[PDB]
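Let me begin by presenting the structure, written as structure tokens, before commenting on it.
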Amino acid sequence: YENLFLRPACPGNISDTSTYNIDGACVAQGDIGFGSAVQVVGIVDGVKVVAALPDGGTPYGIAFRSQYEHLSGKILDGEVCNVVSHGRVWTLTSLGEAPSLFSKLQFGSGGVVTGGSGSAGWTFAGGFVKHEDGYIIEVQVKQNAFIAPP
Amino acid sequence: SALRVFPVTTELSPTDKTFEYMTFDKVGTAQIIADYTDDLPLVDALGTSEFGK
Amino acid sequence: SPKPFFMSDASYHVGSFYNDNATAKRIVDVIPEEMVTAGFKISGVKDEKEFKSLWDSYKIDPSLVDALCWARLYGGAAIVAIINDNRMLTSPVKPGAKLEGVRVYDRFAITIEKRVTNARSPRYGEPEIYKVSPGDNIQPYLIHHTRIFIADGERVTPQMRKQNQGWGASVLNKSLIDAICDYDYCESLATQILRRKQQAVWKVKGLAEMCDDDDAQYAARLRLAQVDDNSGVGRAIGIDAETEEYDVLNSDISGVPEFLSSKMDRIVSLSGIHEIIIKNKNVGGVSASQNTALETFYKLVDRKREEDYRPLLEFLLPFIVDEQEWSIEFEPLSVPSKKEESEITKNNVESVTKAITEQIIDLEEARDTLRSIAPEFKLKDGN
Amino acid sequence: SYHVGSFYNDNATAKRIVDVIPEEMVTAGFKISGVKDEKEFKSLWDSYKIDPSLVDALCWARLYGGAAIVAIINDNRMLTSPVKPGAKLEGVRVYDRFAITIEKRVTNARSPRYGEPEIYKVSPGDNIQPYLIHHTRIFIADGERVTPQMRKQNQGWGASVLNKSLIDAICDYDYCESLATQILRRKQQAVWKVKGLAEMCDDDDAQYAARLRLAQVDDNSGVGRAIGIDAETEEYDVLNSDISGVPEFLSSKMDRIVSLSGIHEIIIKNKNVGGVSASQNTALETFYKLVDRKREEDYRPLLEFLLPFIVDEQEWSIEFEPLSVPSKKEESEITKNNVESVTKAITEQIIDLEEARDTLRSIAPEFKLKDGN
Amino acid sequence: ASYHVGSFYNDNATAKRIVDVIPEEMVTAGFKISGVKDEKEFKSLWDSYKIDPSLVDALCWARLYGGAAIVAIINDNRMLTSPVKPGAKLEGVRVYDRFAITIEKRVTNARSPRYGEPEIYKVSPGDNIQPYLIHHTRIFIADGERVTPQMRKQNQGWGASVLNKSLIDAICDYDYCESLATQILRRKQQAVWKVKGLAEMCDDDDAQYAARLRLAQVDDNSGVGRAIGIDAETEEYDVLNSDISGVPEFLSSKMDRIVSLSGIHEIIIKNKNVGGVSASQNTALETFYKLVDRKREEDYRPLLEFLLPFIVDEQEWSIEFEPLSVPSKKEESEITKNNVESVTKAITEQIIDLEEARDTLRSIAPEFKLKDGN
Amino acid sequence: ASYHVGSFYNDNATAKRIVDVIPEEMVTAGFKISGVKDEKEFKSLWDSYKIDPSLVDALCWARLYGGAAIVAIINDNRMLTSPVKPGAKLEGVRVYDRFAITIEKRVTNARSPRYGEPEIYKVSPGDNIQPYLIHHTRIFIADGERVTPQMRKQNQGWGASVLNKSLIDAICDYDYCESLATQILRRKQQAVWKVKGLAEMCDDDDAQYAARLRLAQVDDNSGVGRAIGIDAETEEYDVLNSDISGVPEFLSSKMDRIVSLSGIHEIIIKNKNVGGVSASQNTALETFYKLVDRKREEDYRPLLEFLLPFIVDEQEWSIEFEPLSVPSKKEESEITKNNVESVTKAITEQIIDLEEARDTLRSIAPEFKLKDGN
């Protein structure tokens, strides 16, 4: 009774076949890069409008890699977008060394992981590899973890 | 009434995601000549395209 | 793995393998098409001209072809026949001989609804009612046992037969899949080996002093490419003995065609259909052995035909023939020809009446005998 | 090594080895002598349509070493009781070795049937209670002979055709294939030497950039391309090895497989020899003689077990078709020869037409003939 | 990159052959019909209509694009949208590719087994004319090859090209291999000239231009019967060489992969006779013939049962495909002798009369014509 | 790097053979006409018009340029733009290339099946004669090979040259390989002569001239039977050598590529007997005959239906293509013996009478001259 692994290890894709959720009814304002956190700025007709994470926002999900929706290499303004709201996913990071297992991550500007000492939110899942003179980490996203401030 | 007021085409396959169409243009002129002529005015053409989703 | 929802996940791995690779295409479509196109003959009927007329009027052979093909591929297929009858399609069928339409479905569209375990009838233990779910925005429906017939592939042990819901397995087994996959890897390796036959090395003292992605380095590499393009047999390249050297090294190639031939031999040996029908290359070293290879192929395809083609015959023909007792015989699967048919017909016409003129073997049945063996001699029926 | 079923289902060579024999054995056919006519016999046979069950019955007997068939007759008695004389049948079913056992053993002195079981207990499963059958309804199909000290140890049952020698001889073949593929992959090697390269920190941007640049430059190398290096600090070397004898080695391994299995190349490797025109006919005829040999021992018991349950004719014999592929032109000469032989000289001797017709139509011709005088 | 079938077809000769060699021979093979009163007028109408090039093109596009449409116009006093009443009239036939036909109307009613089958076809040829509508009875469609039903539905009931990815890239690799072979032969031998101090040359000056001038000049005059002089102290002249072997076998193996994947064999695609045997290529060509017959039985007939009922007033007729074998003037001579001997060797002994004997002798198409009569 | 095909055609020889071998043999093969009252006057009239050179080069330029035209002039009392009235008259035929023909007038009538097919042809022969206009029925157009329609309508509904890019560069590479092989042979051996202080000697002066003349003189007199002297202390004389192998095999592989792309086999394109087998080039030839007849049926017959009804007054007739097989006296005599014994070995007992037996015997082409009569 076990969960299979998923081999390609590129940023912006899913790392396991555990319970995951993909919110595919969204549109982008500005440009978004695969493997970055996004935030919900508004809702029109059951569609969520997302943008790259600013300072002071609450992350909602992580952009997901697809080879039909995004032929350019990144997500462009006015495009339908895939966002992962629950599951394990490879994220871009600016950190230098792996944090403690099952710690709480903190997101800098642009939707990159820079902290490992948060109070509550998403947690580190134990994966830490290297990409392009930069690193990739593995994050575990949960649905109601970050709550929008009143 | 949209599909009954405006015409409907089917010149796209379901796997298509972009389309384009082209338009053309031309230039030229003419003059009055004699029997022994060596210079005559010329003509050309152009082109342009647009896109969709 | 994440997949698009409109592409529902049901054996599309093997489906894409089939519709993409060509060797799989051949190995799965070689047998059923030739099997059906071989033809057959029927005995006990008053005449066969009207039989052929009604047969090619119904013209169902493409449906039979892809039915057999999908049964061989998925390990199971369903053929559904509708009859001209004034009853609901759920009820059984009264005696009669009518056809109006027949259609095909793959393995994934059929399920079992009602099961029988009644003691007296030996029919217990096989399903009674089949629940078909075509999809395509039409409600799934139910069929009696007699109306439709289920075509299966190759035999498996009861242990997995019972867990596969009484359905066989795909003809592409794991060993076949891996052996097929290995050939492309070997070909790519061969191409790389051919490319890497010869290498040239250029050594320049102090060359590493240069900054990367810089004007001097760009100039140097452009010069290297330029001088590399213009060298050859009739051209020479000058260097400086003190500082730079230009060496060249090379490796040989041998045995690669034999290696790939051996891999193809493994493929054909595990497949079971032989070289002059899979690789499509005549042996060339002998004049009269390829024909014997052909008759071996015909023997094996006949052995396979005896197990699968007949059930369609006994399932469909009783719905189209009005007389009571008949025979289904198969044409001896061999390509005939001018010469051999001309002299064989000469032999038959002399054998049929060279010595019968002495006994009770008389004309009204001698003619029937002579035109029973299908001749080129057309004859009008009569005395 | 492991469960034979998994091997049978996974490896295709096992499929071939266990299946090619019984299918051809049963599809060969037969004729019967002593019966009034045969068209109604064929009608009954193909109305009963039992040959798929016969096929996998013999196949499972060959594989597992034992199989059982249950035949149910139109008799107005409860099933454990024996069967009165008669010629009826309505169904037959095939069970593997695992679902059969013995219940009562008879060693009575007067009966020569002493020492073999009377009633069989069958437990097919499928949420139906196991039941008991009298031996008259049961025929037990065995595999191949074994020593009696093992026969009685296996409850009077045979053994698998996949012995351990066959199993591991088949097994090492794919290992040899993988070794051959590795030999092919390791033909040529490139080596790059860079003094000082040891001083890089592990898993840092410098090392990743260096290895990426190495991969990029190795991508564009070739016969028409040249690569420059530094004289003092780095060197580029190439190593190569020869490959030879691997095809012959693999062919020898396949030859061992053939010899130990017992079925030859034209049917197992499915490769014509090519160097001869008319020796494959002899190869095949050896194949048919061996398959006829194995047929005579095991297929016939099914014949005398089943046929008397359908035929009311008192005394008859079963003759086996001469297992050779027939052909139009050759059978044309055969028919001409037979029709001349039957009456070139019987004109003067008392053999009359009333029996000459039977003689000519007994040897199955393509010349039909209505019954008469 | 190189995946556009349209450009690839007319830019690669191998693709041309591999795609169109089959249907043209298929159609030129020939056939005949039984149950017809006579054949002379039949062939007269056939070669008056002269639609076989269009048939060839239709089959070619069916094999290439996976789908093609054929349209026939009839002598009927109704609108072209209306169905066709029974009759035997023909006026002309035209062919369109996969890109000009679509669907309009559906039938899904219970009683007809035609439920779920296309009813009305929307033809849009283009060519600055209004696209129009055609009943199901008028147009027939030729498909490509079978695919999985899931792809069949995704491709709106149209097949796939015979040029699959394996065929395309196997074809592509051959050109790379031959280019590498040419480079290999070019780089067989290399001459090196080493001169201490040569690095002191200024780039792009008269000195360097003169140096390379002299180098090229002295290179152009060397050979077997000529010698070159050098200075021992300062310069030297070396030559390095590498061998070649096995590339004929390599390219032959690539071609063998091509033929094995294609399914058309060597004496038809590579066009070499094997040469080492006298009479095995006849068996090879008859293998080609049996496979071409196998595929013909699949796709050529539907055109025949679609078109023939529209030209013949005769009620019931049958088709046979002429057995594809090259006839040798001589061998047809002896087979005619054998047949004319068999037809009346012993028929003079029973009720088989000339009334049927003449029909027998003129049925198997002889070189002996016979005026109709008794 | 694209070159006009005409220059390559009239320059290179292999291109000449590839473009020319098929049409001329195809036309010289011949034909027979059925339904004719007599054939002697047919052949007399045919070689009276003697149009086969024009036919040959018409087919040749159709094959090369992808388009050719023939103008057929008729005895009629009307202008050339008018259609042609029924009749059988001919007076001359001429041939024009691809470049001199265009389309003038458009027909789109839905009533006729002629919509989308040009009605008036605009000919501009040039050579100081005014271009003129011709009706459809007076002109025939010969096209090349099949192309995709998206290129067909782009090329004004016209074919393409049979010399495609793959054929062109495959041909071009062969000459480069031959030149490279010649260079490989030339560079087999090299003699090096090194002398201390040789660099001190200055450029282009008397001393250098004398030294190089001496070197040439001593090189001209070297060999097996002659030796040379050297000073051990200062100068050294060495020889470097290289081996040659596999070049003929590589060239044979390139010829394989040429024949594979061309589609016509080796004993016709290289014209070299295999030599190792006596009775396989005969089936090689019959494969060639099959392919050439397959191509002939597509395009040569349209000339027959275009011109034949314009010369024959008979209502009905048919075209039969002669069996394209080389006829050897001996076997011809044997076949004639077989035919004559078959035609009357068993007609003595039925209604097959002399008035039709004579027709049968003189229909199958005999050497047996026989006057017409009963």
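Simple scheme: letters A, B, ... for chains in structure tokens order, numbers from 1 for residues in each chain, numbers from 1 for ligands in the order shown.
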Inset, instruction - Mind running a least-squares superposition of chain F onto chain E over all the C-alpha atoms, in order, and reading off the RMSD? - result: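 Here the C-alpha RMSD works out to 0.5 Å.
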Inset, instruction - Select all residues from chain B having any atom no more than 12 Å from an atom of chain A (counting only C-alpha atoms, ignoring ligands), output as a ChimeraX atom specification. - result: /B:15-18,53
Legend entry - Separation of atom CA of residue C:295 from atom CA of residue E:267, in Å and rounded to one decimal: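 Taking atom CA of residue C:295 as the start and atom CA of residue E:267 as the end point, the length is 22.1 Å.
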Inset, instruction - Find the spatial neighbours of residue A:22, counting only C-alpha atoms, within a cut-off of 10 Å - ignore same-chain residues fewer than 4 positions away - and output them as a PyMOL selection string. - result: (chain A and resi 61-64+82-87) or (chain C and resi 2)
Put those residues in a file: N, CA and C atoms, as a compact mmCIF listing (two decimals), in the first residue's frame.
```
# COMPACT_ATOMS: atom_id res chain seq x y z
N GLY A 61 -0.71 29.39 -4.01
CA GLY A 61 -0.32 28.17 -4.69
C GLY A 61 0.98 28.41 -5.42
N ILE A 62 1.34 27.44 -6.25
CA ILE A 62 2.60 27.48 -6.99
C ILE A 62 2.33 27.16 -8.45
N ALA A 63 2.86 27.98 -9.34
CA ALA A 63 2.65 27.77 -10.77
C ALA A 63 3.19 26.42 -11.20
N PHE A 64 2.50 25.79 -12.14
CA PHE A 64 2.71 24.40 -12.49
C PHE A 64 3.10 24.30 -13.96
N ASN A 82 -2.24 27.10 -14.64
CA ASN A 82 -2.37 25.99 -13.70
C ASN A 82 -1.69 26.36 -12.39
N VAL A 83 -2.37 26.10 -11.28
CA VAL A 83 -1.86 26.45 -9.95
C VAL A 83 -2.09 25.26 -9.03
N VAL A 84 -1.04 24.85 -8.33
CA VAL A 84 -1.10 23.72 -7.41
C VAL A 84 -1.43 24.23 -6.02
N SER A 85 -2.54 23.77 -5.45
CA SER A 85 -2.99 24.23 -4.15
C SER A 85 -2.78 23.22 -3.03
N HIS A 86 -2.38 21.99 -3.35
CA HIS A 86 -2.24 20.94 -2.36
C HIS A 86 -1.38 19.84 -2.94
N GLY A 87 -0.26 19.55 -2.28
CA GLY A 87 0.64 18.51 -2.77
C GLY A 87 2.10 18.87 -2.65
N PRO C 2 0.27 13.60 -13.60
CA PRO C 2 -0.82 14.48 -14.03
C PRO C 2 -1.07 14.33 -15.53
```
Inset, instruction - Excluding stretch 98-103 of chain A and any residue of its chain fewer than 4 positions from it, enumerate the residues within 9 Å of it, using only C-alpha atoms, and give them as a VMD selection string. - result: chain A and resid 115 to 118 122 to 128 137
Legend entry - Who sits within 12 Å of residue A:46, only C-alpha atoms, same chain under 6 positions skipped, as an NGL selection string: :A and (23-27)
So that I have them on file, write out the residues from the current selection with N, CA, C and O atoms, as a short mmCIF file (atom, residue, chain, number, x, y, z; two decimals), in the first residue's frame.
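Resulting contents of result_14.cif:
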```
data_model
loop_
_atom_site.label_atom_id
_atom_site.label_comp_id
_atom_site.auth_asym_id
_atom_site.auth_seq_id
_atom_site.Cartn_x
_atom_site.Cartn_y
_atom_site.Cartn_z
N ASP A 23 -5.77 23.77 -9.46
CA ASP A 23 -6.82 24.75 -9.72
C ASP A 23 -6.57 25.34 -11.11
O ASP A 23 -5.77 26.26 -11.27
N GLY A 24 -7.27 24.81 -12.11
CA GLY A 24 -7.02 25.18 -13.48
C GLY A 24 -7.87 26.28 -14.06
O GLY A 24 -7.71 26.60 -15.24
N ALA A 25 -8.79 26.85 -13.29
CA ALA A 25 -9.62 27.95 -13.77
C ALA A 25 -9.10 29.28 -13.22
O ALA A 25 -9.66 29.87 -12.30
N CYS A 26 -8.00 29.75 -13.81
CA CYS A 26 -7.36 30.99 -13.39
C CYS A 26 -6.80 31.71 -14.60
O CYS A 26 -6.63 31.13 -15.67
N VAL A 27 -6.51 33.00 -14.41
CA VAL A 27 -5.85 33.83 -15.42
C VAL A 27 -4.78 34.66 -14.73
O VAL A 27 -4.84 34.93 -13.53
#
```
